[PDB]
>>> print(open('coords13.cif').read())   # mmCIF, N, CA and C atoms
data_model
loop_
_atom_site.label_atom_id
_atom_site.label_comp_id
_atom_site.auth_asym_id
_atom_site.auth_seq_id
_atom_site.Cartn_x
_atom_site.Cartn_y
_atom_site.Cartn_z
N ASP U 3 -8.90 1.87 2.62
CA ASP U 3 -8.56 1.14 3.83
C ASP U 3 -7.52 1.89 4.65
N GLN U 4 -6.25 1.53 4.47
CA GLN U 4 -5.14 2.15 5.18
C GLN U 4 -4.37 3.14 4.30
N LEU U 5 -5.04 3.72 3.30
CA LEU U 5 -4.40 4.67 2.41
C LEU U 5 -4.25 6.03 3.08
N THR U 6 -3.72 6.99 2.33
CA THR U 6 -3.60 8.37 2.77
C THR U 6 -4.57 9.25 1.99
N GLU U 7 -4.85 10.43 2.55
CA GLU U 7 -5.78 11.35 1.90
C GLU U 7 -5.22 11.84 0.57
N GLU U 8 -3.92 12.15 0.52
CA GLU U 8 -3.33 12.66 -0.71
C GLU U 8 -3.36 11.61 -1.82
N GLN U 9 -3.11 10.34 -1.48
CA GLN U 9 -3.11 9.29 -2.49
C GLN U 9 -4.51 9.10 -3.08
N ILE U 10 -5.53 9.06 -2.22
CA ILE U 10 -6.90 8.90 -2.71
C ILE U 10 -7.31 10.12 -3.53
N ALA U 11 -6.90 11.31 -3.10
CA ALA U 11 -7.22 12.52 -3.86
C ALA U 11 -6.58 12.49 -5.24
N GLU U 12 -5.31 12.08 -5.32
CA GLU U 12 -4.63 12.00 -6.62
C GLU U 12 -5.26 10.94 -7.50
N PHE U 13 -5.64 9.80 -6.92
CA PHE U 13 -6.30 8.75 -7.70
C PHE U 13 -7.63 9.24 -8.26
N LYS U 14 -8.43 9.91 -7.43
CA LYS U 14 -9.71 10.43 -7.91
C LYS U 14 -9.51 11.51 -8.97
N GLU U 15 -8.50 12.36 -8.80
CA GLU U 15 -8.22 13.39 -9.80
C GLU U 15 -7.82 12.77 -11.13
N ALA U 16 -6.97 11.75 -11.10
CA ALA U 16 -6.57 11.08 -12.33
C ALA U 16 -7.75 10.38 -12.99
N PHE U 17 -8.60 9.73 -12.18
CA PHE U 17 -9.76 9.04 -12.73
C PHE U 17 -10.74 10.02 -13.36
N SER U 18 -10.91 11.20 -12.75
CA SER U 18 -11.81 12.19 -13.31
C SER U 18 -11.23 12.88 -14.53
N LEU U 19 -9.90 13.04 -14.59
CA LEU U 19 -9.27 13.67 -15.74
C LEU U 19 -9.19 12.74 -16.94
N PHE U 20 -9.05 11.43 -16.70
CA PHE U 20 -8.94 10.50 -17.82
C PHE U 20 -10.31 10.08 -18.34
N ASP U 21 -11.26 9.82 -17.45
CA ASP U 21 -12.59 9.39 -17.86
C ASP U 21 -13.42 10.57 -18.34
N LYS U 22 -14.27 10.31 -19.33
CA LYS U 22 -15.12 11.34 -19.90
C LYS U 22 -16.28 11.65 -18.95
N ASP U 23 -17.13 12.59 -19.36
CA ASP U 23 -18.27 12.98 -18.54
C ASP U 23 -19.31 11.87 -18.51
N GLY U 24 -19.91 11.67 -17.34
CA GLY U 24 -20.92 10.64 -17.17
C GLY U 24 -20.65 9.72 -15.99
N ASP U 25 -20.89 8.43 -16.18
CA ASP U 25 -20.65 7.46 -15.12
C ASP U 25 -19.17 7.07 -15.08
N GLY U 26 -18.80 6.37 -14.01
CA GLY U 26 -17.44 5.92 -13.82
C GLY U 26 -17.06 4.65 -14.55
N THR U 27 -17.86 4.23 -15.53
CA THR U 27 -17.57 3.01 -16.28
C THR U 27 -16.43 3.24 -17.26
N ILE U 28 -15.44 2.34 -17.23
CA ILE U 28 -14.30 2.41 -18.13
C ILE U 28 -14.09 1.04 -18.76
N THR U 29 -13.32 1.03 -19.85
CA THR U 29 -13.04 -0.19 -20.58
C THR U 29 -11.72 -0.80 -20.11
N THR U 30 -11.32 -1.89 -20.77
CA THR U 30 -10.06 -2.55 -20.41
C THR U 30 -8.87 -1.70 -20.80
N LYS U 31 -8.87 -1.18 -22.03
CA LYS U 31 -7.78 -0.30 -22.46
C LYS U 31 -7.77 0.99 -21.65
N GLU U 32 -8.95 1.49 -21.28
CA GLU U 32 -9.02 2.67 -20.43
C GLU U 32 -8.43 2.39 -19.06
N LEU U 33 -8.72 1.22 -18.49
CA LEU U 33 -8.14 0.86 -17.20
C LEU U 33 -6.63 0.71 -17.30
N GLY U 34 -6.14 0.11 -18.40
CA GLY U 34 -4.70 0.00 -18.58
C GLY U 34 -4.02 1.35 -18.71
N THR U 35 -4.65 2.28 -19.44
CA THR U 35 -4.08 3.62 -19.57
C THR U 35 -4.09 4.36 -18.24
N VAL U 36 -5.16 4.20 -17.46
CA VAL U 36 -5.23 4.83 -16.15
C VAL U 36 -4.16 4.25 -15.22
N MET U 37 -3.92 2.94 -15.32
CA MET U 37 -2.88 2.32 -14.51
C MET U 37 -1.50 2.82 -14.91
N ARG U 38 -1.26 2.96 -16.22
CA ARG U 38 0.03 3.47 -16.68
C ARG U 38 0.23 4.92 -16.28
N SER U 39 -0.84 5.72 -16.27
CA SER U 39 -0.73 7.11 -15.86
C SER U 39 -0.58 7.27 -14.36
N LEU U 40 -1.13 6.33 -13.58
CA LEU U 40 -1.04 6.42 -12.13
C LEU U 40 0.37 6.14 -11.62
N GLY U 41 1.19 5.43 -12.38
CA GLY U 41 2.54 5.13 -11.97
C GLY U 41 2.88 3.65 -12.02
N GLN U 42 1.86 2.80 -12.02
CA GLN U 42 2.08 1.37 -12.06
C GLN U 42 2.26 0.89 -13.50
N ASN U 43 3.05 -0.16 -13.66
CA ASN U 43 3.34 -0.75 -14.97
C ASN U 43 3.10 -2.25 -14.90
N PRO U 44 1.84 -2.67 -14.85
CA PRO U 44 1.54 -4.10 -14.80
C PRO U 44 1.63 -4.75 -16.17
N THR U 45 1.93 -6.05 -16.15
CA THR U 45 2.05 -6.82 -17.38
C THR U 45 0.67 -7.12 -17.95
N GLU U 46 0.64 -7.78 -19.11
CA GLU U 46 -0.63 -8.12 -19.75
C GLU U 46 -1.38 -9.17 -18.95
N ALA U 47 -0.68 -10.22 -18.51
CA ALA U 47 -1.33 -11.26 -17.72
C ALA U 47 -1.81 -10.73 -16.38
N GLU U 48 -0.99 -9.89 -15.73
CA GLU U 48 -1.40 -9.31 -14.46
C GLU U 48 -2.60 -8.39 -14.63
N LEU U 49 -2.62 -7.60 -15.71
CA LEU U 49 -3.76 -6.73 -15.96
C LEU U 49 -5.02 -7.54 -16.24
N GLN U 50 -4.89 -8.64 -16.99
CA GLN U 50 -6.04 -9.49 -17.26
C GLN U 50 -6.56 -10.13 -15.98
N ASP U 51 -5.65 -10.57 -15.11
CA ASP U 51 -6.06 -11.16 -13.83
C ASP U 51 -6.76 -10.13 -12.95
N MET U 52 -6.24 -8.90 -12.91
CA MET U 52 -6.88 -7.85 -12.12
C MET U 52 -8.24 -7.48 -12.68
N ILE U 53 -8.40 -7.51 -14.01
CA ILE U 53 -9.70 -7.25 -14.61
C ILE U 53 -10.68 -8.36 -14.26
N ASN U 54 -10.23 -9.62 -14.33
CA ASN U 54 -11.10 -10.74 -13.99
C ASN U 54 -11.46 -10.74 -12.51
N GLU U 55 -10.58 -10.20 -11.65
CA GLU U 55 -10.90 -10.13 -10.23
C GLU U 55 -12.04 -9.16 -9.95
N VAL U 56 -12.15 -8.09 -10.75
CA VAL U 56 -13.21 -7.11 -10.57
C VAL U 56 -14.25 -7.25 -11.67
N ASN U 61 -20.20 -6.72 -19.19
CA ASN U 61 -20.04 -5.31 -19.51
C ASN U 61 -18.57 -4.91 -19.50
N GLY U 62 -17.81 -5.48 -18.57
CA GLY U 62 -16.40 -5.16 -18.46
C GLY U 62 -16.12 -3.73 -18.05
N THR U 63 -16.87 -3.22 -17.08
CA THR U 63 -16.73 -1.85 -16.60
C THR U 63 -16.19 -1.86 -15.18
N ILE U 64 -15.10 -1.12 -14.96
CA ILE U 64 -14.46 -1.02 -13.66
C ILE U 64 -14.96 0.25 -12.98
N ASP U 65 -15.64 0.10 -11.86
CA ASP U 65 -16.18 1.23 -11.12
C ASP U 65 -15.14 1.80 -10.16
N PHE U 66 -15.51 2.89 -9.50
CA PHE U 66 -14.58 3.55 -8.59
C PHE U 66 -14.24 2.73 -7.35
N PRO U 67 -15.19 2.07 -6.66
CA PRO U 67 -14.79 1.30 -5.46
C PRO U 67 -13.83 0.16 -5.77
N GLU U 68 -14.05 -0.57 -6.86
CA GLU U 68 -13.14 -1.66 -7.21
C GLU U 68 -11.75 -1.13 -7.54
N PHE U 69 -11.68 0.00 -8.26
CA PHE U 69 -10.39 0.59 -8.58
C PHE U 69 -9.67 1.06 -7.32
N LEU U 70 -10.40 1.68 -6.39
CA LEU U 70 -9.79 2.12 -5.14
C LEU U 70 -9.31 0.94 -4.31
N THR U 71 -10.07 -0.16 -4.31
CA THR U 71 -9.65 -1.35 -3.58
C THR U 71 -8.40 -1.97 -4.21
N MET U 72 -8.34 -2.00 -5.54
CA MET U 72 -7.15 -2.53 -6.21
C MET U 72 -5.93 -1.65 -5.96
N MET U 73 -6.13 -0.33 -5.88
CA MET U 73 -5.01 0.56 -5.61
C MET U 73 -4.58 0.52 -4.14
N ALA U 74 -5.51 0.20 -3.24
CA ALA U 74 -5.21 0.15 -1.81
C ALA U 74 -4.70 -1.22 -1.36
N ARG U 75 -4.46 -2.15 -2.28
CA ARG U 75 -4.07 -3.50 -1.89
C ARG U 75 -2.65 -3.54 -1.34
N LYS U 76 -1.70 -2.93 -2.05
CA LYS U 76 -0.29 -3.02 -1.69
C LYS U 76 0.40 -1.68 -1.49
N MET U 77 -0.15 -0.58 -1.99
CA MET U 77 0.51 0.72 -1.84
C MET U 77 0.56 1.14 -0.37
N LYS U 78 -0.56 0.97 0.35
CA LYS U 78 -0.59 1.34 1.76
C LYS U 78 0.38 0.49 2.57
N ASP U 79 0.46 -0.81 2.28
CA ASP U 79 1.37 -1.68 3.00
C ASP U 79 2.82 -1.29 2.75
N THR U 80 3.16 -0.97 1.50
CA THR U 80 4.52 -0.55 1.19
C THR U 80 4.86 0.77 1.87
N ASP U 81 3.93 1.72 1.86
CA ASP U 81 4.16 2.99 2.54
C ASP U 81 4.35 2.80 4.04
N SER U 82 3.54 1.92 4.64
CA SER U 82 3.67 1.66 6.07
C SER U 82 4.99 0.97 6.39
N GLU U 83 5.43 0.04 5.54
CA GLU U 83 6.72 -0.61 5.76
C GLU U 83 7.86 0.39 5.64
N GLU U 84 7.79 1.29 4.66
CA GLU U 84 8.82 2.32 4.52
C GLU U 84 8.84 3.24 5.73
N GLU U 85 7.66 3.63 6.22
CA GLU U 85 7.59 4.49 7.40
C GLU U 85 8.15 3.79 8.63
N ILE U 86 7.88 2.49 8.76
CA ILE U 86 8.40 1.73 9.90
C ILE U 86 9.92 1.63 9.81
N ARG U 87 10.45 1.36 8.61
CA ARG U 87 11.90 1.28 8.45
C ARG U 87 12.56 2.63 8.70
N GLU U 88 11.87 3.73 8.38
CA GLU U 88 12.44 5.05 8.63
C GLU U 88 12.40 5.41 10.11
N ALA U 89 11.30 5.07 10.79
CA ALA U 89 11.15 5.42 12.20
C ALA U 89 11.91 4.49 13.13
N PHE U 90 12.29 3.29 12.66
CA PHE U 90 13.03 2.37 13.51
C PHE U 90 14.42 2.89 13.84
N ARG U 91 15.00 3.69 12.94
CA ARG U 91 16.34 4.25 13.16
C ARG U 91 16.21 5.63 13.80
N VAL U 92 15.74 5.62 15.04
CA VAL U 92 15.56 6.85 15.81
C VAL U 92 16.28 6.72 17.15
N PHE U 93 16.13 5.56 17.80
CA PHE U 93 16.78 5.35 19.08
C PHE U 93 18.29 5.22 18.93
N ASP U 94 18.76 4.75 17.78
CA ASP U 94 20.19 4.60 17.56
C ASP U 94 20.87 5.96 17.48
N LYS U 95 22.08 6.05 18.03
CA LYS U 95 22.81 7.31 18.02
C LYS U 95 23.26 7.68 16.61
N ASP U 96 23.80 6.72 15.86
CA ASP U 96 24.26 6.96 14.51
C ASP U 96 23.33 6.40 13.44
N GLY U 97 22.30 5.64 13.84
CA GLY U 97 21.38 5.07 12.87
C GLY U 97 22.00 4.05 11.95
N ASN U 98 22.96 3.27 12.44
CA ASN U 98 23.62 2.26 11.63
C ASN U 98 22.78 1.01 11.43
N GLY U 99 21.66 0.88 12.14
CA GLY U 99 20.80 -0.28 12.02
C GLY U 99 21.04 -1.36 13.04
N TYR U 100 22.09 -1.25 13.86
CA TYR U 100 22.41 -2.24 14.87
C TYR U 100 22.53 -1.56 16.23
N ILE U 101 21.86 -2.12 17.23
CA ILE U 101 21.86 -1.59 18.59
C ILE U 101 22.02 -2.75 19.57
N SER U 102 22.34 -2.40 20.81
CA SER U 102 22.52 -3.41 21.84
C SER U 102 21.18 -4.05 22.21
N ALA U 103 21.26 -5.27 22.76
CA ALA U 103 20.05 -5.98 23.16
C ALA U 103 19.35 -5.30 24.33
N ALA U 104 20.12 -4.71 25.25
CA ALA U 104 19.51 -4.03 26.39
C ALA U 104 18.71 -2.81 25.94
N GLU U 105 19.22 -2.07 24.95
CA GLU U 105 18.49 -0.91 24.45
C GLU U 105 17.19 -1.33 23.78
N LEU U 106 17.22 -2.40 22.98
CA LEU U 106 16.00 -2.89 22.34
C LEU U 106 15.01 -3.39 23.38
N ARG U 107 15.49 -4.07 24.42
CA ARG U 107 14.60 -4.54 25.48
C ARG U 107 13.96 -3.37 26.21
N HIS U 108 14.74 -2.33 26.51
CA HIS U 108 14.18 -1.16 27.18
C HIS U 108 13.17 -0.44 26.30
N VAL U 109 13.44 -0.38 24.99
CA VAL U 109 12.51 0.27 24.07
C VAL U 109 11.21 -0.52 23.97
N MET U 110 11.31 -1.85 23.96
CA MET U 110 10.11 -2.68 23.89
C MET U 110 9.33 -2.65 25.20
N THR U 111 10.02 -2.44 26.33
CA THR U 111 9.33 -2.42 27.61
C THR U 111 8.67 -1.08 27.89
N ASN U 112 9.35 0.02 27.58
CA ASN U 112 8.84 1.36 27.87
C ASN U 112 8.06 1.96 26.71
N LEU U 113 7.90 1.24 25.61
CA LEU U 113 7.15 1.74 24.46
C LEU U 113 6.46 0.57 23.77
N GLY U 114 5.57 0.90 22.84
CA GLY U 114 4.83 -0.12 22.12
C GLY U 114 3.72 -0.73 22.96
N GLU U 115 2.75 0.09 23.36
CA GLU U 115 1.63 -0.33 24.19
C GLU U 115 2.10 -0.92 25.51
N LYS U 116 1.22 -1.64 26.20
CA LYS U 116 1.55 -2.25 27.49
C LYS U 116 1.89 -3.72 27.27
N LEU U 117 3.15 -4.07 27.51
CA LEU U 117 3.63 -5.44 27.36
C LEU U 117 4.26 -5.90 28.66
N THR U 118 4.10 -7.19 28.96
CA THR U 118 4.66 -7.75 30.18
C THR U 118 6.19 -7.77 30.10
N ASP U 119 6.83 -7.59 31.26
CA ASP U 119 8.29 -7.59 31.29
C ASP U 119 8.85 -8.98 30.98
N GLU U 120 8.23 -10.03 31.52
CA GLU U 120 8.69 -11.38 31.24
C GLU U 120 8.50 -11.74 29.77
N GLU U 121 7.36 -11.37 29.19
CA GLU U 121 7.12 -11.64 27.78
C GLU U 121 8.10 -10.87 26.90
N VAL U 122 8.38 -9.62 27.25
CA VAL U 122 9.33 -8.83 26.47
C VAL U 122 10.73 -9.43 26.57
N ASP U 123 11.11 -9.89 27.76
CA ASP U 123 12.42 -10.51 27.93
C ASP U 123 12.52 -11.81 27.13
N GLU U 124 11.45 -12.61 27.13
CA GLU U 124 11.45 -13.84 26.36
C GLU U 124 11.52 -13.56 24.86
N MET U 125 10.82 -12.52 24.40
CA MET U 125 10.87 -12.17 22.98
C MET U 125 12.25 -11.65 22.60
N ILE U 126 12.90 -10.91 23.49
CA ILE U 126 14.24 -10.42 23.21
C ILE U 126 15.25 -11.57 23.19
N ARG U 127 15.06 -12.55 24.08
CA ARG U 127 15.96 -13.69 24.10
C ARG U 127 15.75 -14.60 22.90
N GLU U 128 14.51 -14.70 22.41
CA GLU U 128 14.25 -15.52 21.23
C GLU U 128 14.85 -14.91 19.97
N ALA U 129 14.90 -13.59 19.89
CA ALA U 129 15.46 -12.91 18.73
C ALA U 129 16.98 -12.89 18.79
N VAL U 137 20.10 -8.69 14.89
CA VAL U 137 20.52 -7.43 15.48
C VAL U 137 19.92 -6.26 14.71
N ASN U 138 19.74 -6.45 13.40
CA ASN U 138 19.18 -5.40 12.57
C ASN U 138 17.68 -5.25 12.82
N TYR U 139 17.18 -4.02 12.62
CA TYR U 139 15.76 -3.76 12.80
C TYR U 139 14.92 -4.48 11.75
N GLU U 140 15.45 -4.63 10.53
CA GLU U 140 14.72 -5.35 9.49
C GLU U 140 14.52 -6.81 9.86
N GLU U 141 15.52 -7.41 10.53
CA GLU U 141 15.37 -8.79 10.97
C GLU U 141 14.27 -8.93 12.01
N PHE U 142 14.20 -7.99 12.96
CA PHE U 142 13.14 -8.03 13.96
C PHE U 142 11.78 -7.79 13.32
N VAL U 143 11.71 -6.90 12.32
CA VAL U 143 10.45 -6.66 11.63
C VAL U 143 9.99 -7.90 10.88
N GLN U 144 10.93 -8.60 10.23
CA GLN U 144 10.58 -9.81 9.51
C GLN U 144 10.17 -10.93 10.46
N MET U 145 10.81 -10.99 11.64
CA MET U 145 10.42 -11.99 12.63
C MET U 145 9.03 -11.70 13.19
N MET U 146 8.72 -10.43 13.41
CA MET U 146 7.39 -10.07 13.90
C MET U 146 6.32 -10.29 12.83
N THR U 147 6.67 -10.09 11.55
CA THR U 147 5.71 -10.32 10.48
C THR U 147 5.42 -11.80 10.28
N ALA U 148 6.37 -12.66 10.63
CA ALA U 148 6.19 -14.10 10.47
C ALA U 148 5.26 -14.65 11.55
#
>>> encode(input="coords13.cif", output="structure tokens")
Amino acid sequence: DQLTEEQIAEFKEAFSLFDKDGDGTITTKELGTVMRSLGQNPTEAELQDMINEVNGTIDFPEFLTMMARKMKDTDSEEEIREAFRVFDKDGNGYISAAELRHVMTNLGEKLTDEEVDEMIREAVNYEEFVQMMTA
């Protein structure tokens, strides 16, 4: 979905190195070992729930979908938090309301001036604005 090329490549490399020759069918213990080798450390109940969500053989598309559920979102949130501290001179996380209004008006697609002003008045930290936009 919203993954990166390097992440999918590493996942496929790990799946090909752990699984034997033949089809992509793996067992429950094999899936747990692949998850532990990939970097994730899920509990027993969480692993059982993820297995039930997808013979008991986990194929490549289901595994890629399970890996793309939250990793891409976390990476995007980290990238947004890193890029939000660019307009600030010192990057302390707090900026004036006029600067944020100008940034929202002159950037971020085409937005109406009245709507941008109303959104700025309804809303100091960038994380607070991100959480308000996510809500």
>>> resolve_selection(input="coords13.cif", expression="the PyMOL selection byres (((chain U and resi 49 and name CA) around 12) and name CA)", output="list in words")
residues 30, 31, 32, 33, 34, 35, 36, 37, 38, 42, 43, 44, 45, 46, 47, 48, 50, 51, 52, 53, 54, 55, 56 and 72 of chain U
>>> resolve_selection(input="coords13.cif", expression="the PyMOL selection byres ((chain U and resi 100-108) around 7)", output="JSON, numbers by chain")
{"U": [94, 97, 98, 99, 109, 110, 111, 112, 113, 122, 123, 126, 137, 138, 139]}
>>> closest_residue(input="coords13.cif", among="U:83, U:14, U:146, U:22", to="residue U:125", atoms="only C-alpha atoms")
U:146
>>> residues_around(input="coords13.cif", residues="residue U:71", least_positions_apart="4", cutoff="8 Å", atoms="only C-alpha atoms", output="ChimeraX atom specification")
/U:3,67,75
>>> write_last_selection(input="coords13.cif", atoms="N, CA and C atoms", output="PDB file, in the frame of the given file")
ATOM      1  N   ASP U   3      -8.900   1.870   2.620  1.00  0.00           N
ATOM      2  CA  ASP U   3      -8.560   1.140   3.830  1.00  0.00           C
ATOM      3  C   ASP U   3      -7.520   1.890   4.650  1.00  0.00           C
ATOM      4  N   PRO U  67     -15.190   2.070  -6.660  1.00  0.00           N
ATOM      5  CA  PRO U  67     -14.790   1.300  -5.460  1.00  0.00           C
ATOM      6  C   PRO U  67     -13.830   0.160  -5.770  1.00  0.00           C
ATOM      7  N   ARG U  75      -4.460  -2.150  -2.280  1.00  0.00           N
ATOM      8  CA  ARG U  75      -4.070  -3.500  -1.890  1.00  0.00           C
ATOM      9  C   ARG U  75      -2.650  -3.540  -1.340  1.00  0.00           C
TER      10      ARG U  75
END
>>> atom_distance(input="coords13.cif", atom1="atom CA of residue U:142", atom2="atom N of residue U:89")
13.6 Å
>>> atom_distance(input="coords13.cif", atom1="atom CA of residue U:114", atom2="atom CA of residue U:79")
19.5 Å
